[PDB]
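Student: Starting off with a structure, shown below.
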Amino acid sequence: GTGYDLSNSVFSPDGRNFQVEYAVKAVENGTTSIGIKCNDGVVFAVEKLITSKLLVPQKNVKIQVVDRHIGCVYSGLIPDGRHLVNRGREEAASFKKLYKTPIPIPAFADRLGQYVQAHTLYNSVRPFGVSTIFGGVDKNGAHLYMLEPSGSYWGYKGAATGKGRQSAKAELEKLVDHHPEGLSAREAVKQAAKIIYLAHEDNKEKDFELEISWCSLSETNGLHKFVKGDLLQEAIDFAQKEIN
Amino acid sequence: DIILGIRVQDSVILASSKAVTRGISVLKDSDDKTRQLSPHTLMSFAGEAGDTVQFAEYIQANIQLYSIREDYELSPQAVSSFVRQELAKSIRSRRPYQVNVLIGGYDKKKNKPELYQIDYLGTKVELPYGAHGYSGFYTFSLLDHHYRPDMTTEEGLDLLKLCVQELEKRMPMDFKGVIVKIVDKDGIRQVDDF
Amino acid sequence: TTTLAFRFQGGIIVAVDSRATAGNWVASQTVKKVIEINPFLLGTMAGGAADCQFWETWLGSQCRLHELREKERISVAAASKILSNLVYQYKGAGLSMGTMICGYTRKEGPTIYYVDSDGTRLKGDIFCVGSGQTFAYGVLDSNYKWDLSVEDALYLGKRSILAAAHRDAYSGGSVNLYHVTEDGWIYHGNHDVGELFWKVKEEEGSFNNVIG
Amino acid sequence: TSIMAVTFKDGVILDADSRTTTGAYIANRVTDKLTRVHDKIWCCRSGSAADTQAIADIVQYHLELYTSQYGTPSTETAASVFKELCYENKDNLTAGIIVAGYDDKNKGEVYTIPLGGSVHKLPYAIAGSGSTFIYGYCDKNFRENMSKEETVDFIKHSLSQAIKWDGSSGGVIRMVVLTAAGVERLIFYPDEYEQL
Amino acid sequence: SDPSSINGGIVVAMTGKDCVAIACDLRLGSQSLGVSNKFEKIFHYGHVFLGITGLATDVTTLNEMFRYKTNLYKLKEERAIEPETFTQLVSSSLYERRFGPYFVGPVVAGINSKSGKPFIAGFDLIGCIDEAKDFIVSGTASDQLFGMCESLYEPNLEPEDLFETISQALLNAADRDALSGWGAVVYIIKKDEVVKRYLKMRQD
Amino acid sequence: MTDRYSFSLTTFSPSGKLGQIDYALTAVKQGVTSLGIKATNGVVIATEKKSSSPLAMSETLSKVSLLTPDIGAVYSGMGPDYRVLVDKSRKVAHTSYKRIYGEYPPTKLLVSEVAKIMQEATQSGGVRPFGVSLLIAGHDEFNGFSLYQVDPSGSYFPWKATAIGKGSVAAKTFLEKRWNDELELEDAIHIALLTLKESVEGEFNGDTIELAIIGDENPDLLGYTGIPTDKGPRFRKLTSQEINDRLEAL
Amino acid sequence: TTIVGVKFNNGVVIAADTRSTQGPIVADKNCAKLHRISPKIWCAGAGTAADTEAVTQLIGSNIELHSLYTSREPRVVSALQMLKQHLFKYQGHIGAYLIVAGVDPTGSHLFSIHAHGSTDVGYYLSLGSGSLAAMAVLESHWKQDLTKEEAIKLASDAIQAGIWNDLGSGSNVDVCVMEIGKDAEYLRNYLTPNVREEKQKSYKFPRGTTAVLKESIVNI
Amino acid sequence: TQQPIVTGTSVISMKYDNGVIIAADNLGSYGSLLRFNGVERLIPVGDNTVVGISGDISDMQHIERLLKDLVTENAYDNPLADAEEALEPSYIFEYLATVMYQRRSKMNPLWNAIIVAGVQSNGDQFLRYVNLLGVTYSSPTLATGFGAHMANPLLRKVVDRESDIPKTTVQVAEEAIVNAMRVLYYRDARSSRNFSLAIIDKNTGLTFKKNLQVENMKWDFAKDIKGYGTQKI
Amino acid sequence: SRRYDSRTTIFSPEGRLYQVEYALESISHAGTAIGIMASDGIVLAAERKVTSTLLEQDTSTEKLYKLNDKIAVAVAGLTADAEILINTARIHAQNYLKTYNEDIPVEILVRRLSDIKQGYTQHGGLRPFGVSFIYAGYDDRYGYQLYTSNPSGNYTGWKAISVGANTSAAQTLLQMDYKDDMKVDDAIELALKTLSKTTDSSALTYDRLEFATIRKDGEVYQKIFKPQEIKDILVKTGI
């Protein structure tokens, strides 16, 4: 459908906002990132493609923390994701200043959804070219959400985005089938690494670095922390072992 | 601080003191406290140190801008109405203009002199003879006694001599004489032998 | 403070003292109370030292911009009105200023414009400002003439400040003489009031009430 | 005035007198100083009547807006909203507030917000002009986890003395009992508490 | 100190039998000094008369304001403003500046062109509609006028008898007020004509 | 992010016509018919209420609305524009006139304020004209009963009787034959119903038809007693029962 | 000024005196102090006469517009909220002390609003200089379940106490009775206990007593 | 422009050979009324900083909120927020000193006197003062409010100059602080018997001691005082 | 939003303002308005374009407006746009009286409106006013004056001018019969004769005519003719 896709706020005769649909095409080109909701927290994993050996390992972090209990991972236009996360940090700080409590994840997800959606209202602005998997632990459990360029978001047992989303979603579905009682935080980290490695088979042309993050009540006391050192290497070893 | 004005049959005579005093001493004794708003309109002013000249020169620019714009000289009534409005606007502004003015002019269309007294509040009143501040305390008794509408310019000047002499005699301050200007059908001129 | 500027056949003579006091404590003895706005315009400090120095330094830039645009030297009347208008904008905000904008121009001749913090702007032949102004007037009003020679005019300005320095507690230090001519102002040196008083006393016989 | 709030085993009780005075004159002798800012969050108002009423109206608007968006607030959140208004306008609003509320997780909570705009969580709080006369009595007699009957008897004794000694305090004693069973309003007339 | 007492002046309005009367003194002064004996304080905007007392600068400002407002009213409405409508126009205009108020007390007087009944109304400096069926007073000598008008006034005075009553109330009240006098002007307003009269009075 | 339509979307075409005004007037032509008739002792404004669905409670959607107690309006065209435009008209009736002069505006001045609102949309940047034509009927003590039509362009004219909307051409032809300078209000209602009966295609009863009149003051609708100078609204909606009673005698 | 409101078994009655004073002088002997906010919501104001008239006129405008917007009879609570929020916004500079009473679909209401924006609910209220004198009568005689007649008598009697005992109150008694089921009845000058007596002499001047300088005819 | 309503009394501190010690009482006074007794006026900011605040409690709770925002905003996009990029005492102080001066220049001061005590990453002791006017200074011993007149004379006997810091041990510094707290309780009317004490050591880290108690007070000499002069019995 | 902008305020490749030319074309389809300046007054006449037997001619004042006690204007083009300018003209006339305490000169009032029209023609991106005015007024300086202004913001003084439809025919007829020394009563005839010839209808009748005059108590009066008055003169003039 041409003619109606040159502007951001225009409905096509079918009611479809094409520019937002084109923004989704930007997301589908990004590196695959997933989020797994465990029985007491959430786990985030992102594939970081190694463009060249000259990138210093472990410095180009792509998972972001908001306040202290929300972690955000996104795929698509990385600058757009940072713009969205910068707003979330402002929204989270504003909520804490006025209400004194850390912003609830369902409340935070709405704050971001209103912002992302507001970018589809006017033709003087462009839609976000990122789908953001975000979540954390709040007063009433763990929450995992996923935004879209249109501003739509839902709660997920496990979310996947980026180029390997179709591959990753297959293994996320297997996790919920095999573990309906709830997956443990430590096992979720190992499974998160395995899913990213499997999803990378859609990007075999280039090497990648796995980055994991997670926020569990029992293990981080409800705060968002990165996987590093021994725990990261066990996940990498497990992911390679299953691949081999 | 002396500002006097007397309207006679054919002209308006405005007299204003020459002294300028700043605190302890007299800086100048030849100051002209008047501005020619139009070829036939003259404005005498008195008040606070800086407000008098800033206001007078600001008014003169607008009257000059009107004259050039319409190629027409505002009547003294219109000029006084314009001047009163600015004083009325300022009296209730951030920094009011504490300026008292006399506007003497010759209306070339009615062929009659006109004298208007406006104080810093914006109280415009047309008088046969006017004065601002305490200068009217000493002079009104003489003007009420001797003034007649049909005086000639020479009789009007003779009457100002009496008014100025009384101010010299009884007023404590030394105002260093007066500069006298006459607004007539021929324009504005200054009397030098006064 | 004591600053004077008077007009005469040879131009303008600007004489100022150099004492700055913080109460009765004499903070400085060698304050420069004349701002050299341009090679052709001279300022003068009285009252607010910072207000005079800052705005007359700023005024020099405005005069320079007029030079660049109009390609002609700004008149003293315009220079004093630029300062007078600005000083009026801040009226009531706390500015303190009494200054003479001395300059000599072809179309206008020697010109002194007295500008103060009230927004006043007066053209005159003789002006004195500061605490000791009444003493400077006394000497000037009696000995001032239009036909003064440059040598006699310089002495009269030097003598007028000496009289104010002697009698005024807040005036003294030294006398700074400036002479404004057709080709700019000329600095005629700094004369110490302490040394000048004894020199003047012997040559004139004046100050007979002072032993020495 | 004389306002009071006491946590007890089953929840929290807010209490206050009913007198408001403009000088010596009692403008209204049956005033209701207990204000509902949310279903189970109530506040006691002391100080300027105009300021406290304005703040209570704004806080109720904020907590109503909070509930529609972020679920039911806690008593800590209600006190936080009070603090922002009382603190960000401390030079204008001369308001001292006692906020008490009930939620299942934390049971009864009491927050006092003195004239400065600070927030203090307390087991019991007393404010108003008449409170100064019962600082010693309340401290000696307050106990943790008293029953509803003991707390009401404790509050009746406390306010009867605050009413007795303060000219600007008196009238009927109005109580609001916040518990899991709901909100209960009690009123005690001078003939009931005056001869305790 | 008090702006309403700097310039002096007084205005009084009375109602009669199908006629209204509004009168004022002609003095303008600067406290003790009398400046002008021709400063009229009664203005008309058609068949509705407005007498404004108080600060002379505000009296002049409001005259040009209500001339501006009533002139635009007649262009949009294509009819003259009635006394009742004008009374609310004055009231709102004075309240629009509650915190920058004009130090003036106006007095509206007129006859409704349609109903034909006399109308007079009074005001404070911030626009309280003091609609009275008998008489209205304003100015420095309001105390004198109240007692003077309250005793002389009687209902349903003919236009000739109303002139004697209002003029006598004004002259005797002005005579006992330092800042009022130097002549007075009386308007006798009838449904068909208006008569303007200048009174002989003490010039001290 | 900012509003970037600071330019006018209504502009003159090479033929001199303003495209958006003409299209706004077209939307009125496909609008539901409404008419007004000015009688010697009142004005009647009528329209039919076509319901979106039989499950809709048409009583909740009044096509005839009160602007001031003595002024009422009906529309033809886009319903939403009339609703917001009526809200503006009621507001400006207070802010611009009543709060100054103490009394409600006359019909001519209120129509002018409404026309100014429509004209502003016809020249201001980033807006389209209102797609409604209003028939504003009112009364005032000096001009009496009056009926005005206001167009999307902001132009307004006074009418003895008029009809706007889908059946305007047929209605106006009918009104010309029937209208005369001797009509009473009871006769105008009869003529209004007859004219409206022609336009309506479906059911013609009190529920599918909406009438309002400006007539004698209704002190029973005033809501209070004790102020003789207050005499009550002149604008009155005829309830479905009242209309049905007149239909039986139609 | 003396103003009282008295809630009775089926409505509320507000009464006020009619004297307006400029210091010690009685500017208006028959000022109407009861103002409409809507047909069945009425307000009585003490303190500054202009602000009470102006504040109610502004709120009355907004009540009418809001009533037209919502297509509902105004709530007395809406008037109270917009009235108190307006007064609070001006931090007490609008010196309007008001008793707002009325009937709405939710019953009869009686509030008092102070110049600073504080409000209180009550079954009987009083404002003005005569409030203490009027409240003495209300305290003595008020009782639950007053009938319309008892309330009107009590309200008028309370106003009379202020009239007789307060210098700032006098002349006549204005009464407005708002009952839930029917219209509000404004009893202007309900009682007129201060009718002036006949003067001892007639002061009709003989025509020609006044000296005139000039006479003119003014064009209209 | 404001005035204090509920206030905290003096905070005292001093640096010793290996770190710093800071103490403050747990009282909020409302005039002469010792109203609130649970106020904690020492605010740990990370593992190497403690911020002691005195004066208005309402502004103290505002500053306490700003500090918790620093720790949050520092960890944003900062993988080294725990080591090599954590907040130092010097960074925290400059933020507070800037805030306190900015509020002063707006004539809306934070009516507080703050002592930031901590140990830098390189081990150097940090101890700086800042008040509502934005005035800042450093010393081996710092005290706020009433403690500047009574605690500083006592602490300065232990560390009178910079060269005395390496000669002062934890025990000597701690007993000096504890004795100063007792002296303040003796002669300060707005002081409490309970206080908190924080020790920041470059080796053992932060040691925060809550609910410390003023002990070993001397009153037995009061029985021998009779009347105000002439009285004998 | 840049794609939807019509670029109102731009020049054509041959130095013409497109929207102003189109606005003028719009005015050429409006009812004719004629102004004739006589020795003792000014005559403003206009032809109503919208007409019907159900239209209220008695109070349908849509082309002749009063700006002042001394000035009036006849309007051709968008009636809605005119009333916006009419009210600003009225306010300006009163602002001048408030400031200078004198009636505004006609040229000053005309210049202000023409400046308002020109503003929309040069900046702001909004469409021009589609109205042409004929100002008829009096002042002490120039006496009776007759001006016309168009959407472009240009205004000129005239002795007799017509705007709206059939200006070419109306102007040619005025050229043939206008005598400088003619009285108002002759201007009454000339205005009606010219309209009766350029009118697009079969005949000219009182219902189609707006008519006003300005004439000299020695004070200038404004008379906007009521329908019966217009019907009277039409018989007297012989139309």
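So you can find residues: chains in the structure tokens are A, B, ... in the order shown, residues in each start at 1, and ligands are numbered from 1 in order.
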Could you pull out the helix (DSSP H, G or I) residues of chain G, going by DSSP on the backbone, and write them as a PyMOL selection string?

Tutor: chain G and resi 49-70+76-89+131-141+148-165

Student: For residue 82 of chain B, work out the shell of residues within 9 Å, counting only C-alpha atoms and skipping chain neighbours fewer than 4 positions away, then give it as a PyMOL selection string.

Tutor: (chain B and resi 59+63+77-78+86-87) or (chain I and resi 98-101)

Student: Taking only C-alpha atoms into account, report as a list in words which residues of chain I lie within 12 Å of chain A.

Tutor: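 The answer, sorted by residue number, is residues 1, 2, 3 and 4 of chain I.
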
Student: When you get a sec, could you note down which chain I residues fall within 12 Å of chain B, using only C-alpha atoms, as a list in words?

Tutor: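 So the contacting residues turn out to be residues 95, 96, 97, 98, 99, 100, 101, 102, 103, 104, 105, 106, 107, 108, 109, 111, 140, 141 and 142 of chain I.
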
Student: Give me the residues near residue 10 of chain D as a PyMOL selection string, where near means some atom within 8 Å (using only C-alpha atoms) and where sequence neighbours in that chain fewer than 4 positions away do not count.

Tutor: chain D and resi 107-108+145+147-148+179-180

Student: Show which residues sit within 8 Å of segment 230-234 of chain I, as a PyMOL selection string. Count only C-alpha atoms, and ignore same-chain residues fewer than 2 positions away.

Tutor: chain I and resi 192+205-206+209+211+225-228+236-239

Student: Write the residues you've just listed into a file as a PDB file, in the first residue's frame, and include N, CA, C and O atoms for each of them.

Tutor:
ATOM      1  N   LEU I 192     -28.367  54.726  -7.864  1.00  0.00           N
ATOM      2  CA  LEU I 192     -29.444  53.804  -8.203  1.00  0.00           C
ATOM      3  C   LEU I 192     -29.505  53.528  -9.698  1.00  0.00           C
ATOM      4  O   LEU I 192     -29.772  52.393 -10.103  1.00  0.00           O
ATOM      5  N   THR I 205     -35.160  46.300  -7.091  1.00  0.00           N
ATOM      6  CA  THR I 205     -36.259  46.513  -6.163  1.00  0.00           C
ATOM      7  C   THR I 205     -35.700  46.778  -4.773  1.00  0.00           C
ATOM      8  O   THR I 205     -34.550  46.456  -4.470  1.00  0.00           O
ATOM      9  N   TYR I 206     -36.544  47.369  -3.927  1.00  0.00           N
ATOM     10  CA  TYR I 206     -36.096  47.810  -2.611  1.00  0.00           C
ATOM     11  C   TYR I 206     -35.568  46.657  -1.767  1.00  0.00           C
ATOM     12  O   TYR I 206     -34.724  46.870  -0.890  1.00  0.00           O
ATOM     13  N   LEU I 209     -31.707  46.124  -2.118  1.00  0.00           N
ATOM     14  CA  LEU I 209     -30.857  47.298  -1.990  1.00  0.00           C
ATOM     15  C   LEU I 209     -30.503  47.575  -0.536  1.00  0.00           C
ATOM     16  O   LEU I 209     -31.388  47.689   0.317  1.00  0.00           O
ATOM     17  N   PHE I 211     -28.617  50.749   1.328  1.00  0.00           N
ATOM     18  CA  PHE I 211     -28.403  52.128   0.924  1.00  0.00           C
ATOM     19  C   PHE I 211     -28.125  52.978   2.153  1.00  0.00           C
ATOM     20  O   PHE I 211     -28.809  52.848   3.170  1.00  0.00           O
ATOM     21  N   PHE I 225     -30.570  53.623   5.191  1.00  0.00           N
ATOM     22  CA  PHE I 225     -31.980  53.687   4.837  1.00  0.00           C
ATOM     23  C   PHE I 225     -32.702  52.415   5.253  1.00  0.00           C
ATOM     24  O   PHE I 225     -32.211  51.305   5.028  1.00  0.00           O
ATOM     25  N   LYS I 226     -33.871  52.580   5.862  1.00  0.00           N
ATOM     26  CA  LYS I 226     -34.747  51.456   6.134  1.00  0.00           C
ATOM     27  C   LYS I 226     -35.511  51.072   4.868  1.00  0.00           C
ATOM     28  O   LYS I 226     -35.639  51.880   3.945  1.00  0.00           O
ATOM     29  N   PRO I 227     -36.031  49.843   4.800  1.00  0.00           N
ATOM     30  CA  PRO I 227     -36.611  49.372   3.530  1.00  0.00           C
ATOM     31  C   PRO I 227     -37.681  50.287   2.964  1.00  0.00           C
ATOM     32  O   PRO I 227     -37.743  50.468   1.742  1.00  0.00           O
ATOM     33  N   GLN I 228     -38.535  50.866   3.809  1.00  0.00           N
ATOM     34  CA  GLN I 228     -39.551  51.779   3.296  1.00  0.00           C
ATOM     35  C   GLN I 228     -38.923  53.055   2.751  1.00  0.00           C
ATOM     36  O   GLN I 228     -39.408  53.618   1.763  1.00  0.00           O
ATOM     37  N   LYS I 236     -39.059  57.971  -6.394  1.00  0.00           N
ATOM     38  CA  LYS I 236     -38.687  59.349  -6.700  1.00  0.00           C
ATOM     39  C   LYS I 236     -37.653  59.401  -7.817  1.00  0.00           C
ATOM     40  O   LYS I 236     -37.753  60.225  -8.732  1.00  0.00           O
ATOM     41  N   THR I 237     -36.648  58.525  -7.758  1.00  0.00           N
ATOM     42  CA  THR I 237     -35.628  58.490  -8.798  1.00  0.00           C
ATOM     43  C   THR I 237     -36.146  57.911 -10.107  1.00  0.00           C
ATOM     44  O   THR I 237     -35.465  58.036 -11.130  1.00  0.00           O
ATOM     45  N   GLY I 238     -37.321  57.286 -10.104  1.00  0.00           N
ATOM     46  CA  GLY I 238     -37.924  56.783 -11.317  1.00  0.00           C
ATOM     47  C   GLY I 238     -37.571  55.358 -11.680  1.00  0.00           C
ATOM     48  O   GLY I 238     -38.091  54.848 -12.680  1.00  0.00           O
ATOM     49  N   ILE I 239     -36.708  54.699 -10.916  1.00  0.00           N
ATOM     50  CA  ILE I 239     -36.357  53.313 -11.197  1.00  0.00           C
ATOM     51  C   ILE I 239     -37.599  52.438 -11.094  1.00  0.00           C
ATOM     52  O   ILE I 239     -37.878  51.636 -11.985  1.00  0.00           O
TER      53      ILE I 239
END

Student: Which residues come within 10 Å of segment 51-59 of chain C, counting only C-alpha atoms, excluding same-chain residues fewer than 2 positions away, as a compact mmCIF listing (two decimals) with N, CA and C atoms, in the first residue's frame?

Tutor:
# COMPACT_ATOMS: atom_id res chain seq x y z
N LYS C 32 42.22 55.44 39.85
CA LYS C 32 42.07 56.15 38.58
C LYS C 32 40.59 56.43 38.38
N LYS C 33 40.19 57.68 38.61
CA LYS C 33 38.78 58.04 38.55
C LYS C 33 38.37 58.55 37.17
N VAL C 34 39.27 58.56 36.21
CA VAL C 34 38.94 58.88 34.82
C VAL C 34 39.01 57.61 33.99
N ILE C 35 37.91 57.26 33.34
CA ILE C 35 37.87 56.16 32.39
C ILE C 35 38.14 56.73 31.00
N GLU C 36 39.15 56.18 30.33
CA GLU C 36 39.51 56.59 28.98
C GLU C 36 38.65 55.78 28.02
N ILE C 37 37.43 56.27 27.80
CA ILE C 37 36.48 55.56 26.95
C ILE C 37 37.07 55.34 25.57
N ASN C 38 37.60 56.40 24.98
CA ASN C 38 38.23 56.33 23.67
C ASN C 38 39.48 57.19 23.72
N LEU C 41 37.24 60.42 24.08
CA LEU C 41 36.25 60.60 25.13
C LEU C 41 36.85 60.22 26.48
N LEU C 42 36.51 61.00 27.50
CA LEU C 42 36.93 60.75 28.87
C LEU C 42 35.70 60.62 29.75
N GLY C 43 35.73 59.64 30.66
CA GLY C 43 34.71 59.50 31.68
C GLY C 43 35.14 60.15 32.98
N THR C 44 34.46 59.76 34.05
CA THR C 44 34.77 60.28 35.37
C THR C 44 34.01 59.47 36.40
N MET C 45 34.69 59.08 37.47
CA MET C 45 34.08 58.25 38.50
C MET C 45 33.63 59.11 39.68
N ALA C 46 32.38 58.92 40.09
CA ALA C 46 31.90 59.48 41.34
C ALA C 46 30.72 58.63 41.79
N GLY C 47 30.68 58.32 43.07
CA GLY C 47 29.66 57.44 43.60
C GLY C 47 30.04 55.99 43.39
N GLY C 48 29.25 55.28 42.59
CA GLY C 48 29.51 53.88 42.33
C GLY C 48 30.74 53.71 41.46
N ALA C 49 31.83 53.20 42.04
CA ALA C 49 33.04 52.98 41.27
C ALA C 49 32.83 51.91 40.20
N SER C 61 32.64 50.49 23.76
CA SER C 61 32.29 49.54 22.71
C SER C 61 31.17 50.07 21.83
N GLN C 62 30.14 50.66 22.45
CA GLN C 62 29.05 51.24 21.68
C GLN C 62 29.54 52.37 20.79
N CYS C 63 30.44 53.20 21.30
CA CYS C 63 31.04 54.25 20.48
C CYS C 63 31.85 53.66 19.34
N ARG C 64 32.59 52.58 19.62
CA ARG C 64 33.36 51.92 18.57
C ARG C 64 32.45 51.32 17.50
N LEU C 65 31.34 50.70 17.91
CA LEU C 65 30.42 50.14 16.93
C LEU C 65 29.82 51.23 16.06
N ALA C 79 27.09 60.00 22.85
CA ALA C 79 27.74 59.12 23.82
C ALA C 79 27.14 59.28 25.21
N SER C 80 26.91 60.53 25.63
CA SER C 80 26.33 60.76 26.94
C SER C 80 24.88 60.32 27.01
N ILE C 82 23.60 57.73 25.24
CA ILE C 82 23.63 56.27 25.30
C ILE C 82 23.80 55.82 26.74
N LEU C 83 24.72 56.45 27.47
CA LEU C 83 24.91 56.13 28.87
C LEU C 83 23.72 56.57 29.71
N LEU C 86 20.77 54.16 29.39
CA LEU C 86 21.01 52.91 30.11
C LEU C 86 20.94 53.12 31.61
N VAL C 87 21.53 54.21 32.11
CA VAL C 87 21.49 54.48 33.54
C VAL C 87 20.06 54.67 34.01
N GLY C 94 19.47 50.54 42.06
CA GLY C 94 20.56 50.73 42.99
C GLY C 94 21.84 51.28 42.39
N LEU C 95 21.81 51.68 41.12
CA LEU C 95 22.99 52.27 40.52
C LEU C 95 23.33 53.60 41.19
N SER C 96 24.63 53.86 41.32
CA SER C 96 25.12 55.13 41.84
C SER C 96 26.18 55.65 40.89
N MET C 97 25.94 56.83 40.32
CA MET C 97 26.83 57.37 39.30
C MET C 97 26.68 58.88 39.26
N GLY C 98 27.82 59.56 39.19
CA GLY C 98 27.88 60.93 38.75
C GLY C 98 29.12 61.08 37.90
N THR C 99 28.96 61.42 36.63
CA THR C 99 30.07 61.39 35.69
C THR C 99 29.92 62.52 34.69
N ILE C 101 30.93 63.18 30.75
CA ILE C 101 31.39 62.61 29.49
C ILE C 101 32.02 63.76 28.71
N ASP C 116 24.21 61.47 35.75
CA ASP C 116 24.16 60.92 37.09
C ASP C 116 23.15 59.77 37.12
N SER C 117 23.08 59.10 38.27
CA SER C 117 22.25 57.91 38.41
C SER C 117 20.76 58.19 38.34

Student: Could you pull the residues within 7 Å of residue 214 of chain H, counting only C-alpha atoms, minus those fewer than 3 positions along the same chain, as a PyMOL selection string?

Tutor: chain H and resi 182+193-194

Student: For the residues in the current selection, export N, CA, C and O atoms as a JSON list (two decimals), in the first residue's frame.

Tutor:
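Writing the result to selection17.json gives the following:
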[["chain", "number", "residue", "atom", "x", "y", "z"],
["H", 182, "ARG", "N", 28.84, 12.62, 75.32],
["H", 182, "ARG", "CA", 28.39, 12.74, 76.70],
["H", 182, "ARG", "C", 28.41, 14.19, 77.16],
["H", 182, "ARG", "O", 27.49, 14.64, 77.85],
["H", 193, "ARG", "N", 20.05, 11.24, 74.71],
["H", 193, "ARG", "CA", 20.97, 10.32, 75.37],
["H", 193, "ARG", "C", 21.39, 9.19, 74.44],
["H", 193, "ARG", "O", 22.42, 8.55, 74.67],
["H", 194, "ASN", "N", 20.61, 8.96, 73.39],
["H", 194, "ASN", "CA", 20.89, 7.97, 72.36],
["H", 194, "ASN", "C", 21.51, 8.63, 71.13],
["H", 194, "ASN", "O", 21.11, 9.73, 70.73]]

Student: Excluding residue 100 of chain G and any residue of its chain fewer than 3 positions from it, enumerate the residues within 8 Å of it, using only C-alpha atoms, and give them as an MDAnalysis selection string.

Tutor: chainID G and resid 41:44 76 80 110:113

Student: Save the residues we just selected, N, CA, C and O atoms, as a compact mmCIF listing (two decimals), in the first residue's frame?

Tutor:
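Result saved to out-v4.txt:
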# COMPACT_ATOMS: atom_id res chain seq x y z
N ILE G 41 -29.96 26.81 44.54
CA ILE G 41 -28.76 26.99 45.34
C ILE G 41 -28.60 28.49 45.54
O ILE G 41 -28.48 29.24 44.57
N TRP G 42 -28.60 28.92 46.80
CA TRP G 42 -28.53 30.34 47.12
C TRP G 42 -27.39 30.59 48.08
O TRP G 42 -26.99 29.72 48.85
N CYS G 43 -26.87 31.81 48.03
CA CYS G 43 -25.70 32.20 48.80
C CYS G 43 -25.99 33.51 49.50
O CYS G 43 -26.65 34.39 48.94
N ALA G 44 -25.51 33.63 50.73
CA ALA G 44 -25.60 34.87 51.49
C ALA G 44 -24.20 35.25 51.92
O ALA G 44 -23.47 34.42 52.48
N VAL G 76 -25.09 21.39 45.21
CA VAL G 76 -24.57 22.40 46.13
C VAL G 76 -23.09 22.16 46.37
O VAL G 76 -22.34 23.09 46.68
N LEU G 80 -19.83 24.68 46.18
CA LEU G 80 -18.89 24.77 47.28
C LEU G 80 -17.46 24.55 46.80
O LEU G 80 -16.54 25.28 47.20
N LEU G 110 -26.09 22.83 53.55
CA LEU G 110 -25.84 24.12 54.17
C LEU G 110 -24.37 24.17 54.55
O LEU G 110 -23.93 23.42 55.43
N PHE G 111 -23.61 25.03 53.87
CA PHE G 111 -22.19 25.19 54.13
C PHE G 111 -21.89 26.66 54.36
O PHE G 111 -22.65 27.54 53.94
N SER G 112 -20.78 26.92 55.03
CA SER G 112 -20.22 28.25 55.14
C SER G 112 -18.80 28.23 54.63
O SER G 112 -18.03 27.31 54.95
N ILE G 113 -18.44 29.23 53.83
CA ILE G 113 -17.11 29.35 53.26
C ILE G 113 -16.49 30.63 53.79
O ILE G 113 -17.12 31.69 53.74
